[PDB]
Amino acid sequence: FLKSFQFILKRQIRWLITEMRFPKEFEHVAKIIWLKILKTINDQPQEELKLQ
DNA sequence: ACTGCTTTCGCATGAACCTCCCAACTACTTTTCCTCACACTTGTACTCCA
């Protein structure tokens, strides 16, 4: 799920910069927000973790 | 007695089905998700009523 939810998150940001004149560092800010999101997923016990 | 009913035969060689289970077309359950409203209890505000 995380491999595709990131893949769709990628396609939303790649729309913004290419068309709505967003600066290229907007993707760079978004990854740290995405990566720390994954660490919260990481901290949960893998058996029955139920990431929201 | 001659009755009936048998029966054996034939020109070479060449070519000359029945349930049953799977299919279409529907519906209704399946197998896990995220998203809050509700019921109280301590709390702070109210104005007393003598």
# chains A, B, ... in the order shown; residues from 1 in each chain; ligands from 1

call {"tool": "interface_residues", "arguments": {"of": "chain A", "to": "chain B", "cutoff": "10 Å", "atoms": "only C-alpha atoms (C1' of nucleotides)", "output": "ChimeraX atom specification"}}
result
/A:50-52

call {"tool": "atom_distance", "arguments": {"atom1": "CA of residue 43 in chain A", "atom2": "CA of residue 30 in chain A"}}
result
20.4 Å

call {"tool": "select_by_dssp", "arguments": {"residues": "chain A", "states": "alpha helix (DSSP H)", "output": "count of residues only"}}
result
37

call {"tool": "atom_distance", "arguments": {"atom1": "CA of residue 2 in chain A", "atom2": "CA of residue 48 in chain A"}}
result
15.6 Å

call {"tool": "atom_distance", "arguments": {"atom1": "CA of residue 10 in chain A", "atom2": "CA of residue 36 in chain A"}}
result
16.1 Å

call {"tool": "decode", "arguments": {"residues": "chain B", "atoms": "C-alpha atoms (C1' of nucleotides)", "output": "compact mmCIF listing (two decimals), in the first residue's frame"}}
result
# COMPACT_ATOMS: atom_id res chain seq x y z
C1' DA B 1 -46.50 -91.91 -45.26
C1' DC B 2 -44.58 -86.49 -47.58
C1' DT B 3 -45.31 -83.99 -44.27
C1' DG B 4 -43.25 -78.67 -42.94
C1' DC B 5 -38.94 -75.43 -42.01
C1' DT B 6 -34.28 -75.42 -42.38
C1' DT B 7 -30.03 -73.39 -44.13
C1' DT B 8 -26.19 -72.79 -46.66
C1' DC B 9 -25.05 -70.58 -50.08
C1' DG B 10 -22.89 -66.60 -53.31
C1' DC B 11 -17.26 -62.89 -58.92
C1' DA B 12 -11.32 -61.28 -58.25
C1' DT B 13 -9.28 -56.83 -55.50
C1' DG B 14 -9.42 -52.21 -55.30
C1' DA B 15 -12.14 -48.24 -51.58
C1' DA B 16 -17.11 -47.40 -51.19
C1' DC B 17 -26.13 -41.81 -25.81
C1' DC B 18 -27.86 -38.85 -20.80
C1' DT B 19 -27.53 -36.91 -17.41
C1' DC B 20 -24.00 -33.44 -15.74
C1' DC B 21 -21.38 -30.00 -15.58
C1' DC B 22 -19.91 -26.00 -17.43
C1' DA B 23 -21.63 -21.35 -19.04
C1' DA B 24 -24.22 -16.84 -19.09
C1' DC B 25 -26.88 -13.24 -15.77
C1' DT B 26 -27.94 -11.52 -11.37
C1' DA B 27 -27.66 -10.80 -5.63
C1' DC B 28 -25.80 -10.88 -1.72
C1' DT B 29 -22.08 -11.83 1.58
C1' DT B 30 -17.13 -11.30 2.27
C1' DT B 31 -12.66 -9.21 4.56
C1' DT B 32 -10.63 -5.96 6.00
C1' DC B 33 -10.15 -0.30 5.89
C1' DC B 34 -10.64 4.79 7.95
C1' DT B 35 -14.02 8.52 10.47
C1' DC B 36 -16.28 10.47 14.44
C1' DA B 37 -20.72 11.04 18.47
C1' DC B 38 -21.84 10.08 22.23
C1' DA B 39 -22.49 9.43 27.32
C1' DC B 40 -20.65 11.49 31.67
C1' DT B 41 -17.46 14.45 35.69
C1' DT B 42 -14.81 17.65 37.16
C1' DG B 43 -14.53 22.31 36.68
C1' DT B 44 -15.85 27.70 36.45
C1' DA B 45 -18.67 30.59 35.99
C1' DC B 46 -23.16 32.48 37.31
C1' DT B 47 -26.66 35.20 41.77
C1' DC B 48 -28.55 33.95 45.47
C1' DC B 49 -31.80 34.60 50.24
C1' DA B 50 -31.44 35.46 55.51
